[PDB]
Amino acid sequence: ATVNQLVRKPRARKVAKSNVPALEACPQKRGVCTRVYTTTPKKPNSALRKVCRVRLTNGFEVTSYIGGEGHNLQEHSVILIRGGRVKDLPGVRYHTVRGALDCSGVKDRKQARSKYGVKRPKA
Amino acid sequence: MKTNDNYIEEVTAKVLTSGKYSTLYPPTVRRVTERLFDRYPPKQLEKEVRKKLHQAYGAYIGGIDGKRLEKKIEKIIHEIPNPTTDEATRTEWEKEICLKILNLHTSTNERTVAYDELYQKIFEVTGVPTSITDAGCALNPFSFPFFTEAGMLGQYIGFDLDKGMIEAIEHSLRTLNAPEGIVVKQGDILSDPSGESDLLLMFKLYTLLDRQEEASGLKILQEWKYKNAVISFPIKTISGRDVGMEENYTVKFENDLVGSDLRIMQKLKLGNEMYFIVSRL
RNA sequence: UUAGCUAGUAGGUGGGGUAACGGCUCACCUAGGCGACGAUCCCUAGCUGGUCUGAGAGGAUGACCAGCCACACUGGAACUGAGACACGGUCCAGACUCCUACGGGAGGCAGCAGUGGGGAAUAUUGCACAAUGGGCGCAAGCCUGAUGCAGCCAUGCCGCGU
RNA sequence: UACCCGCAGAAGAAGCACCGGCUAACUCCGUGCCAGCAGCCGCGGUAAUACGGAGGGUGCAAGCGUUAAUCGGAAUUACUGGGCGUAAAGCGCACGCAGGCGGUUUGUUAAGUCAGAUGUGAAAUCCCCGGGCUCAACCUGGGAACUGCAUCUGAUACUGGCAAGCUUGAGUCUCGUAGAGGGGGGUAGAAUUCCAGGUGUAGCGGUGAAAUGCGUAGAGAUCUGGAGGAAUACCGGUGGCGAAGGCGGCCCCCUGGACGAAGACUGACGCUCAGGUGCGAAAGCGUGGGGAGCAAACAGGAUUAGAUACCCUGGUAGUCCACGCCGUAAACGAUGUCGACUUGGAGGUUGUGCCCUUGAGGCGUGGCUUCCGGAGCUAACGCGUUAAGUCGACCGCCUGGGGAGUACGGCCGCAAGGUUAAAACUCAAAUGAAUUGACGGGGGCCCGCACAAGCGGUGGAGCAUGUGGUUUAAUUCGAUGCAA
RNA sequence: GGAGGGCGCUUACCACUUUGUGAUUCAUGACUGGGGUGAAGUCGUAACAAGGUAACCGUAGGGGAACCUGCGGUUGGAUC
Ligand SMILES: [Mg+2]
Ligand SMILES: [Mg+2]
Ligand SMILES: [Mg+2]
Ligand SMILES: [Mg+2]
Ligand SMILES: [Mg+2]
Ligand SMILES: [Mg+2]
Ligand SMILES: [Mg+2]
Ligand SMILES: [Mg+2]
Ligand SMILES: [Mg+2]
Ligand SMILES: [Mg+2]
Ligand SMILES: [Mg+2]
Ligand SMILES: [Mg+2]
Ligand SMILES: [Mg+2]
Ligand SMILES: [Mg+2]
Ligand SMILES: [Mg+2]
Ligand SMILES: [Mg+2]
Ligand SMILES: [Mg+2]
Ligand SMILES: [Mg+2]
Ligand SMILES: [Mg+2]
Ligand SMILES: [Mg+2]
Ligand SMILES: [Mg+2]
Ligand SMILES: [Mg+2]
Ligand SMILES: [Mg+2]
Ligand SMILES: [Mg+2]
Ligand SMILES: [Mg+2]
Ligand SMILES: [Mg+2]
Ligand SMILES: [Mg+2]
Ligand SMILES: [Mg+2]
Ligand SMILES: [Mg+2]
Ligand SMILES: [Mg+2]
Ligand SMILES: [Mg+2]
Ligand SMILES: [Mg+2]
Ligand SMILES: [Mg+2]
Ligand SMILES: [Mg+2]
Ligand SMILES: [Mg+2]
Ligand SMILES: [Mg+2]
Ligand SMILES: [Mg+2]
Ligand SMILES: [Mg+2]
Ligand SMILES: [Mg+2]
Ligand SMILES: [Mg+2]
Ligand SMILES: [Mg+2]
Ligand SMILES: [Mg+2]
Ligand SMILES: [Mg+2]
Ligand SMILES: [Mg+2]
Ligand SMILES: [Mg+2]
Ligand SMILES: [Mg+2]
Ligand SMILES: [Mg+2]
Ligand SMILES: [Mg+2]
């Protein structure tokens, strides 16, 4: 635009929309799951992911992701949901921590023990 | 109340007047607009009823080409002589003279593979209905030779909607000398399933009534107070291709069939059509 | 993707009110006022001295220290007083929490601790008026969850040790 | 309690992330598109430096990862500091108010601008110079800064206001020329078809085969004549005219724009723009006419286990005309307008002069239009004295590809719809230009029985247990175009 | 005794209400639309690389499905 076209209409910047629909100025969010089922990831991949729906407390039903070689969750239990970015699962944009609250973690693990709540064995 | 009530015929005549969409009975369309009054925006009533004429309920628009059917009837009935050495010899000639007329579209044609084995295997569970009805009689009105091969002689009256096809097949009463103990009349069943009969032949019903609404099939059988029926569907699964996209005319039955007076009697799956036998208390 | 808004709203005189200038509050007279240099309305947000990012121009933010304004269960209104339409004053209406011999009354942690609930998350029902500051008193003295400290969590910065 | 002193005693005190390319830093095993990480590109089918585990190394440390918010990165919101031919980007094209902006000479004023001084911009913090808790963090003195605003006192290059002038941009007018510029009447010819005579009768129209239509109540074809309607062949070249759209017969009236040319007068009445107004092909609509052809729906005949795609035979709207509404295109020159600067040559059209127009041309001075090309500009193709080059004034649109030029809310309509103009979700792209090559229901170039031809064969419903059909007294077995 | 004060009495504005009547707004929603992605139709073919193939723009009529026809427009153009 020319200099005269800037004193009437300012530069309207973007809304800075993040990759998450809502966050309530909160990094993590606690929810409760309803049903446990498995879906199909994408056309190239060929794996079975834990695509489970977890209903939050603000009235939003967003589907997260549960990673691990086997979790032991119950239909009526609290589930903490954090942030994450996954492309192989369309419609999914959240993860799920383990080893905290009513969710257990994996055992007999040494490398990458800072996540999934794994504990240090006494060697 | 012209906003909604003088704005039903402005919509309805237009379909039933145009020679391209005129393949319908006035009552059939009188119904399908009071149903769809509150369905699409008040400036888009006739406009999106054309969606039910193309995306849905189509090919019946333009119709089945009766001016191609008689073109293959007058070119058919005047091919071989009429060996009618007696009165049932007018039927055996009328048998093949009729057979090919149900074989232009590949639907009642996949039915002509069942003219000797599955037109009597159905009488062992309903009797021999002398009060009979039929839904979707597009090209299935010459089943009488085989229906009466067993001894069905009661009123068989199939109801189609394409009038350019019903009148290209109703003239046959005397032109083809079809039996004189049978009537036919127009009518739909996504709109009009009211009456009482004994056998309810459902040939081209398929899931076109379950296309008018999501999961609304168990309604019609009951509306026509009844006893039994016969309901078939295509099974043209191409070596594991049409699986799922063609195996639903069933799983919507057994599942939904717990709770009311409806039950099931028998079930088969041969040729290209899987017939259903139904019961009520 | 809110286009006109406004009849005590604009202006003169007189009267009246306030510690003071004023349609703040009236009568009369007049037909003007504001507005694409963005009037009104809706939504949202405290502002400033700063901090954070960046070499700057900018953008974002308004926590702690500090200036100023507004609020004191939810509304409205008034008195005492030099300064307030009053946070631990009072009267009254409504809601909620209690007591009572059914005539009925009292009270406010958006103060420091602490409890229940919501939330991925933030403390001990502590010590002392020694210093500082404020109110009262001639002085002494007393009051002062403001301040000065301790305890708790590695939240951050910095240093040291294993 | 800080600090200080003494005794015993290496005793109680180091984890975590990463370990494909970004981005420094690897071996094997288990598992085999199965079980699993995750920021991007992605990895995972008996050899994983991308999973898990062991070992090793690196980053870093009382902290290492992940997640959330802002900024830098991001020139991915460009006043500092980018584009608009083809990538997502100039409105179909103009006249113009409120705005922005406006040459030359002189003078005044001193708003803007510039300089000096005063007042003020509270403390911490940021900044600079030092000191003090053992040091640092923290804290602190002094100085500077707070880019701002206001008053007083000056200068007068530019800008702005007022007054007074000039001409280099040129308005207008006199004297001329060129044009389908636009509109209202009238006139002529050819052709199709209809309506009337004479003459001539089983064929005519039409599709590679067939048929429908049209004919013995005078068809088709031909001559003459008449009625009605529409379009202007050769002349006709990317020529001319207009802002764009658009408009080609001679031709009357009314009337506009542009350009040439020797001389006067008036002295920037100048450029551009939101809203608004006006124009805007074709198609479509409302109120009235015309209606011979052609031609969207509709229907006769073909055709095929379905052509409302194409072929053939007819026709209602529409095309034409008077009066209105809607304002939609590849409305493209994918290029807004105006002004100024800038190596040149070669083809048309249209004015005014010189020269021997005696060789119907050279040599000068303008408008419009086409092509090539250097410097320069741009990714590339190209543009390249009509700018998309080099400067300046004004405005509009576009901030990834789909959803979507949509829905909703206003405006514009008797309708069909248009204009202004989103939020979610999905995806790691999308789109452009130049290459290298495959390929094409391959032709201009091209070599060979490349198909033949000229002395002659193989090809035998027998068989040579090598053998092109039935075979388990075939199968304990090979190899399937002297290109497997 | 008066002045005047105070209580009562009463008029003014005025919160809480209360009956009708609109605007904006808000949360679910009874009746729902189309998109959307998972899916998935051994379709070039009703025209078997011969039953002899431009792409698009605006608009109208036919839109079982991308289309196809009328009118005008453009180059941004299968064998050619
Ligand atoms: Mg006054
Ligand atoms: Mg920067
Ligand atoms: Mg800095
Ligand atoms: Mg800054
Ligand atoms: Mg606070
Ligand atoms: Mg007082
Ligand atoms: Mg209190
Ligand atoms: Mg409270
Ligand atoms: Mg809780
Ligand atoms: Mg003191
Ligand atoms: Mg403390
Ligand atoms: Mg890892
Ligand atoms: Mg990696
Ligand atoms: Mg590993
Ligand atoms: Mg930036
Ligand atoms: Mg090109
Ligand atoms: Mg426009
Ligand atoms: Mg102007
Ligand atoms: Mg000045
Ligand atoms: Mg100054
Ligand atoms: Mg020091
Ligand atoms: Mg300092
Ligand atoms: Mg200082
Ligand atoms: Mg001076
Ligand atoms: Mg000016
Ligand atoms: Mg001046
Ligand atoms: Mg002047
Ligand atoms: Mg003319
Ligand atoms: Mg004649
Ligand atoms: Mg004759
Ligand atoms: Mg003639
Ligand atoms: Mg005529
Ligand atoms: Mg002179
Ligand atoms: Mg003069
Ligand atoms: Mg202009
Ligand atoms: Mg037209
Ligand atoms: Mg028009
Ligand atoms: Mg018309
Ligand atoms: Mg054009
Ligand atoms: Mg354009
Ligand atoms: Mg021109
Ligand atoms: Mg060139
Ligand atoms: Mg360019
Ligand atoms: Mg986008
Ligand atoms: Mg997007
Ligand atoms: Mg050679
Ligand atoms: Mg073998
Ligand atoms: Mg394009």
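Described below are features of the structure shown in this document.

1. Here we look at the overall build of chain A
Counting its regular elements, chain A contains zero helices and five strands. Its helices and strands in sequence order give chain A the pattern β-β-β-β-β, from N to C terminus. Since a compact globule built from 123 residues should have a radius of gyration of about 14 Å, the 20 Å found for chain A marks it as more spread out than a globular shape. Principal-axis analysis of the C-alpha atoms gives chain A an extent of 70 × 35 × 35 Å. Expressed as a percentage of contacts within chain A between residues at least 6 apart in sequence, the contacts between residues at least 24 apart total 51%. Accessible surface, chain A as shown: approximately 9800 Å² in total, 52% of it carbon and sulfur. Taken together, the 28 basic and 7 acidic charged side chains of chain A have centroids lying 11 Å from each other.

2. Side note on helix 7 (residues 89-99) of chain B
Along helix 7 of chain B, the positions that sit buried rather than exposed are B:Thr89, B:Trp93, B:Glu94, B:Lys95, B:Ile97 and B:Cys98. Those residues of helix 7 of chain B that are buried lie in contact with helix 6 (74-77) and helix 8 (144-150) of chain B.

3. A word on the protein's contact with RNA strand C
Residue and element names in this part refer to chain A. Around RNA strand C, the neighbouring residues are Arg-13, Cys-26, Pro-27, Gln-28, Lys-29, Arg-30, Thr-57 and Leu-80. Of all atoms in RNA strand C that approach within 4 Å of the protein, 68% are sugar or phosphate atoms. In the environment of RNA strand C, a phosphate oxygen lies 2.8 Å from a nitrogen or oxygen atom belonging to the side chain of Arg-13. Separating a phosphate oxygen of RNA strand C from a backbone N or O atom of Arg-30 is a distance of 2.8 Å.

Cut-offs and rules
Residues numbered from 1 in each chain as written, not as in the entry; some residues may be left out. Chains lettered and ligands numbered in written order. Part of a larger assembly, values for the part shown. Heavy atoms only, no water. Helix = DSSP H or I, 4+ residues; strand = E, 2+ residues; numbered from the N terminus. Rg over C-alpha atoms; globule rule 2.2 N^0.38 Å. Contact = heavy atoms within 4.5 Å. Areas by Shrake-Rupley, 256 points an atom, 1.4 Å probe, with all protein chains shown as cover. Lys, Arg positive; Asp, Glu negative; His and termini not counted. Charge placed at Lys NZ, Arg CZ, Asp CG, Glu CD. Buried < 20%, exposed > 50% of the residue type's maximum accessible area, 1.4 Å probe, protein only. Near = heavy atom within 4 Å. Polar contact = N/O pair within 3.5 Å; in protein donor to acceptor, adjacent residues only side chain to side chain.

Any functional reading would require information beyond the geometric quantities listed.
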